[PDB]
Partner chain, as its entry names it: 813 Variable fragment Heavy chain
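Just the one chain here, the form solved without the partner chain, laid out as structure tokens.
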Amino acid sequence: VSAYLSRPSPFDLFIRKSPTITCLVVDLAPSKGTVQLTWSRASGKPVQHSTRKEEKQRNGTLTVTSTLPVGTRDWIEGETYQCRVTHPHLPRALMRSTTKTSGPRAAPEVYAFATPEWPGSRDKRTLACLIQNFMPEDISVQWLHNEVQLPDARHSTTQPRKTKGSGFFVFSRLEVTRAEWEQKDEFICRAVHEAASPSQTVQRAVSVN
């Protein structure tokens, strides 16, 4: 049995301003309807109501996820949140905690590129975005077309990796359609990161032609 606790996404924390964290306990093969999941704050102040979601996955094991909304100011000023997991056949209850990452800050460089045409793909292009030299590693990426955000399912972002320096990079990939670039040939890759000043966004336009 293993447990994971995430931090809020920069997007939710800075753009939507409704940050949440998620406690994920995995690999709970056997059943005894009572995998207790308890939230609290390191300061002792009260936590909000959380949602619960337990799903049998077809690898023989059970997954349970609980999401807790947190205060925007509370998280930025450095509160630490904690998820204690009590299982029925537990030896000891398992504790996980989360807080904003410490260390130096550094704004991401953003660069946006369009691929050329490949044989057998006249009506689509791939756009890629390189976002690099940021710290800490938490970052969201959003793509915009017609001054609106495209659904997130439409792009994929790689996991943060260390650069040869002390900063991190991710790449983001987004396939687009002729209908889109012809209607408006400008796509914006926008990084959301706390060190980006002000407004926590740095962004870059690219066009297909």
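Positions refer to the first chain, counted from 1.
Which is higher on average in the deposited entry, the C-alpha temperature factors of 142-150 or of 53-61? Comparing 142-150 with 53-61, the higher mean C-alpha B-factor belongs to 53-61.
Of 84-92 and 119-127, the stretch whose C-alpha atoms average the higher B-factor in the entry: Comparing 84-92 with 119-127, the higher average CA B-factor belongs to 84-92.
Per the entry's Cα B factor values, which of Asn133, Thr101, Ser97, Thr72 stands out as the maximum? Across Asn133, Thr101, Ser97, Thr72, the entry lists the biggest C-alpha B-factor for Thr101.
Between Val47, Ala29, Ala42, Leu174, which one tops the list for Cα B-factor in this entry? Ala29 has the highest C-alpha B-factor of those listed.
Cα B factor band for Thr163 (lowest, middle or highest third within the chain): Top third by C-alpha B-factor.
Below, we turn to the form solved in complex with the partner chain, even though it does not appear here.
Taking the shortest heavy atom distance, is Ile139 within 4.5 Å of the partner chain in the entry with it bound? Flag for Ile139 set to no.
Can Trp181 be called a contact residue for the partner chain in the entry with it bound at 4.5 Å between heavy atoms? Judged by the heavy-atom cut-off of 4.5 Å, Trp181 is well away from the partner chain in the entry with it bound.
Would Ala42 count as a contact of the partner chain in the entry with it bound, using a 4.5 angstroms cut-off between non-hydrogen atoms? Yes, contact at 4.5 Å.
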